[PDB]
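In what follows, a structure is listed as structure tokens, so that the remarks can point back to it.
Residue numbers (the entry's author numbering), protein chains in the order written: chain M, 2 to 87; chain K, 17 to 111; chain C, 1108 to 1204; chain L, 15 to 111; chain N, 24 to 132; chain O, 7 to 117; chain d, 75 to 139, 163 to 201; chain J, 10 to 93.
So this is what it looks like as structure tokens:
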């Protein structure tokens, strides 16, 4: 319902907009956590090669790495979606 | 036709399973006899659902009284419905 | 407010204090970013102050003692905005050079 | 006999998970209060110590939580996620891929 | 004319309670698996003896084994006038063993 | 005078003898083929019925087979009939190797 | 008979985080399954041999020229509310019972 | 006489009263009343809520802090709380 919102991000503007659209579409289409994560990981694997990771949950802790400009953590209607590469 | 059971009038055959049955069919009157009285309300069903969640599967729902009757869909084979001295007991588990 | 602000402003003064950490960075930048990840937890342990000062300045805007309140709270969020901005810009230019 | 539990997803050979179950149980009992930080730290420091668990692409990670979902590039060999019925802690263990 | 009737889940009752309290998490030892089945089948039969079905004939059947990287399919078919005769079936699987029991019931006439 | 367990044993003998190989490499050098799937279905069925008529039992059988390409689509296989309690019945079986999702459904009746 | 599957639920619901409602679903799959096993043995496939051997090839040639500069640790944790157990009571409201006569 | 609390600002407490007062009058069976309250609050605030309606009942539930409302509405008693 409400638009996405980044709590911590490291992406460019045009790349932020793409993940916004893909998240909106994933949540409208699928209804499961693994299905959403699988679909978004797949979308960004098609658009940006191999090595994407996407954590979709409600309360989790993470200690990760990534490529410097391929990390994002945003929330949609009480959904924590984290995404990064390598 | 509500056949008799060593605990109570149970709708024979029911839609549940006997560790749950025997447990409830002993635990309902065990609870009511030991230190409990009909004057108190759902502090009975409190201990009943607590005992069920302790040993058996965790998500139970209990409804008892003198006038009620339900349709619904639940976990397969998790339906206890028995009268005892003109008091209907109904219990069902939901995943 | 004072404590949390001294923390965030200390992070900023570590970003700005030595000509060394200004030009030649080190693993200390990883610790700065570590504190930046922590900054979530830091605001989590600071959030009792946001609602409490909200209740306070609801009927007590102050104006007399609110000096240090403004300093400290705005200094926190100042470190936050320079975090976003300087993180981006410094990353880019340190990549360039 | 093992302590009761619910393996929601396991990938390693079953004796690895046996060891994980026993140590995680005795550890949840020895540290019944505090934060899941201490649980995670003690579990990593124990699991990383044994001569077993030889193979690792990245290194060890453990996450404790009560309500979440994730997706990782775990090493295709080792991965475990299960629950301790008395406390109901969804605990997760893997190696970075 | 069927005054006292058979519905599935009181035999489903008996069969569940029996399974937990008798299996108690036993391992699959090859030397005594068939005889373990022999014991609990007859215990189950005794239970359906008090299972309160006068004319319903009881085709007891039980399966017991261990799960070890092993995919399996078990199915039956029902073959009676749905108004009177019926069946019951339960499964019970621990980490390394699985025991599943089915009990037919056919109203004699 | 039979056992559906052995009926299933015969079906398994047929299938795993026709295509199943213990050493699991030829089973993917044999992946689903648009040209060869017709031969596959027909010969699976023929060998299965040859196994069935090896049996001298006087019961009457009928067979059905399903071959699915990939697990992505999903399928539901369900059975129901109307026959005599003592002797009649049916059988189902699911089967998977690498990229072939086989299913067999047999009905056995008296007379 | 058109078989119904025992040991099954009858309808599935799930929350939609785009459309803030739920939505139930009363069609349930009714295929009894136990022990699905995933495999990782892949024989002269067209799609998998290329995608594996290529990535191993490129990694090893790259190291033959640690190589990707050292990574950077991070940390993030969510907010976890506490679970409390509190139970309250209602009471049956009271009632009165009198008796009166009829006057002239 | 009894009013368990929730968050400040009267964001959900003011909402629950106004909703349940329409719910009680609109229906006779508790089914539609409780389902209406829960279905509304699901769209409004949360993913999963829990509602109970009735004249006499006792309960004991786990929930999320400041998300437990309970009020004696007319002759009836309405309980509500978020969980999940």
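The beta-carbon is built from N, C-alpha and C at its ideal position, and this holds for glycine as well.
Are the CB atoms of residue 82(L) and residue 92(L) within a distance shorter than 8 angstroms?
no
Output, in chain order, the set of chain N residues within a Cβ distance shorter than 7 angstroms of residue 87(O).
100
Pairwise C-alpha distance: residue 89(J) and residue 42(K)
32 angstroms
Got a sec: is the Cβ-Cβ distance from residue 80(d) to anything in chain N below 8 angstroms?
yes
Along chain d, in chain order, which residues have C-beta atoms closer than 9 angstroms to that of residue 80(L)?
177 and 180
How about residue 107(N): is its C-beta nearer than 8 angstroms to some C-beta of chain K?
no
Within chain L, partners of residue 61(M) - CB distance below 8 angstroms
77, 79, 82, 83 and 84
Give me the chain J residues within the contact set of residue 62(K), using Cβ-Cβ distance strictly less than 9 angstroms, ordered along the chain.
67, 68 and 69
When the Cβ atoms of the region 79–98 of chain K are set against those of the region 1155–1175 of chain C, are three or more pairs found closer than 8 angstroms?
no
On the three-state DSSP scale, how would you describe residue 4(M)?
coil
Since residue 1139(C) and residue 1122(C) should fall inside the 8 angstroms C-beta cutoff, what is the C-beta to C-beta distance between them, to a whole number of angstroms?
7 angstroms
Taking only beta carbons into account, state which residues of the region 107–139 of chain d come closer than 8 angstroms to chain O, listed in chain order.
113, 115, 116, 117, 118 and 119
DSSP bridge partner residues for residue 57(M) (one or two, in chain order)
82(M)
Could you compute how far the alpha carbon of residue 61(J) sits from the alpha carbon of residue 85(J)?
10 angstroms
Cβ-Cβ separation, residue 15(M) to residue 69(M) (assumed contact under 8 angstroms), whole Å
17 angstroms between Cβ atoms; not a contact.
I need the straight-line Cα distance from residue 28(M) to residue 49(J), nearest angstrom please.
21 angstroms
Going along the chain, which residues of the region 41–67 of chain M sit with their C-beta nearer than 8 angstroms to a C-beta in chain L?
42, 52, 54, 55, 56, 57, 58, 59, 60, 61, 62, 63 and 64
Looking only at DSSP bridge pairs, what is residue 31(K) linked to?
95(K)
Please list the partners that residue 46(N) has in chain d, where partner means a Cβ-to-Cβ separation under 8 angstroms.
By Cβ distance, chain d contributes nothing, its closest Cβ being about 17 angstroms from residue 46(N), past 8 angstroms.
With distance defined between alpha-carbon atoms, name the residue in 78(M), 48(M), 60(M) and 8(M) nearest to residue 19(M).
48(M)
Over what stretch of residues does the alpha helix (DSSP H) that includes residue 33(J) continue unbroken?
22–35
Residue 83(J) lies in the alpha helix (DSSP H); which residues open and close that run?
First-last for residue 83(J): undefined, no H or E at that position.
Decide if the region 66–73 of chain K is in contact with the region 1134–1151 of chain C; the criterion is three or more beta carbon pairs, one per stretch, under 8 angstroms apart.
no
Closer than 8 angstroms by C-beta to residue 98(d): which residues in its own chain qualify, once you throw out the five before and the five after it? Chain order, please.
85, 86 and 87
Comparing the C-beta of residue 140(d) with each C-beta of chain K, is any distance below 8 angstroms?
Note on chain d: consecutive modelled numbers read 139 then 163, so residue 140(d) has no coordinates in the structure shown.
Per DSSP, what kind of secondary structure is residue 1187(C) in: helix, strand or coil?
helix
Along the chain, where does the alpha helix (DSSP H) containing residue 1123(C) start, and where does it finish?
1109–1123
Does DSSP put residue 22(L) in a helix, a strand or coil?
strand
Express the C-alpha separation of residue 174(d) and residue 104(L) in angstroms, rounding to a whole number.
15 angstroms
Complete beta strand (DSSP E) runs within the region 36–95 of chain L (minimum length 3 residues, chain order):
74–79
How many angstroms separate the CA atom of residue 32(J) from the CA atom of residue 4(M)?
31 angstroms
So, is residue 109(K) buried or exposed, given that buried needs 16 or more other C-beta atoms within 10 angstroms?
buried
Cβ contact (3+ pairs, closer than 8 angstroms) linking the region 54–73 of chain L and the region 32–52 of chain N
no
Since residue 174(d) meets chain C, which of its residues come closer than 8 angstroms, beta carbon to beta carbon?
1147 and 1148
Is there a Cβ from chain N that is less than 8 angstroms from the Cβ of residue 69(K)?
no
Where residue 32(M) meets chain d, residues with beta-carbon distance less than 9 angstroms:
88, 89, 90, 91 and 97
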